[PDB]
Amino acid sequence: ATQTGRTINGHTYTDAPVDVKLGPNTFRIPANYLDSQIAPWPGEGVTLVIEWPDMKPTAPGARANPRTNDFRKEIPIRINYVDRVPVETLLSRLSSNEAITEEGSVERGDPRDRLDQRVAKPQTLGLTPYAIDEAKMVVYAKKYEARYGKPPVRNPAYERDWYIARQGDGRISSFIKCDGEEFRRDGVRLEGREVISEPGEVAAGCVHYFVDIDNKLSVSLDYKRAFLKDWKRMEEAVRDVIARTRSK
């Protein structure tokens, strides 16, 4: 309860901790982490926000309208208690197509949405890029056309670049999908602490997944592809929050 921001519509914004339930655990999260900067929205899970480049929360109340922070620096963080699926296999199930294709359908053989049909690329930023295998699309498009009378649609929005990081035993520990350079340009540029946008350009986006197996949490970040180089500091900032705020 140390720091104080504006008072708007009667509410004085502070960084005082707020009790947040995720499964059976209670996390005492400084209010200014929260998307609302007051209390969790109704529903399961919570949304936090951190700010590029130092992965610190928005100053208390600075996101409240009229905002005083720079919205282009925000990185929204959806944290969920995982109780509908196994947390230990979540990242492998997101990177395949068992859920979005029917058992034994032509679409279950789609190489685009299965990690085990994509092609590993050379490491960069500690990530293994995984690319679409156009040779497998030829075979797929044949059985798809012969069975529907139509060649399959190559919609660039659903042909994202994928990135994988792994633990020593091979388990997936990070999974990131980004708009391809064919779908979207970066739409912003960075030098130092500040990000200024390119108008008429839609910023390329990534979604970035990881889990906390011990707390049974999934974490989903949505951020501009221009921020991708700092993916590890983002994980580090969120895992520190999770570690520090959990009520022992």
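Residue indices: 1-based, along the sequence shown.
**Student:** Compare the mean C-alpha B-factor of 186-194 with that of 211-219 as given in the PDB entry, and name the stretch with the higher value.
**Tutor:** Per the PDB record, 186-194.
**Student:** Compare the mean C-alpha B-factor of 136-144 with that of 157-165 as given in the PDB entry, and name the stretch with the higher value.
**Tutor:** Comparing averages over the C-alpha atoms only gives 136-144.
**Student:** Whose CA atom has the top B-factor in the entry, of 174, 92, 128, 105?
**Tutor:** Each of 174, 92, 128, 105 was compared by C-alpha B-factor; the highest is 105.
**Student:** Which of these, 44, 51, 35, 181, has its C-alpha atom at the highest B-factor, as the entry lists it?
**Tutor:** Comparing C-alpha B-factors across 44, 51, 35, 181, the top value belongs to 181.
**Student:** Among all modelled residues of this chain, ranked by Cα B factor, put residue 12 in the bottom, middle or top third, i.e. lowest, middle or highest.
**Tutor:** According to the entry, residue 12 has a C-alpha B-factor in the chain's lowest third.
**Student:** Within this chain, which third does the Cα B-factor at residue 109 fall in: lowest, middle or highest?
**Tutor:** Its C-alpha B-factor, which the entry lists for residue 109, ranks in the highest third among residues of this chain.
**Student:** Taking only the Cα B-factors deposited for this chain, tell me whether residue 84 sits in the lowest, middle or highest third.
**Tutor:** Its C-alpha B-factor belongs to the highest third of this chain's values.
**Student:** If you rank every modelled residue in this chain by C-alpha B factor, which third holds residue 150: lowest, middle or highest?
**Tutor:** Top third by C-alpha B-factor.
**Student:** For residue 199, return the chain-relative third of its C-alpha B-factor as stated in the PDB record: lowest, middle or highest.
**Tutor:** Residue 199: CA B-factor falls in the highest third of its chain.
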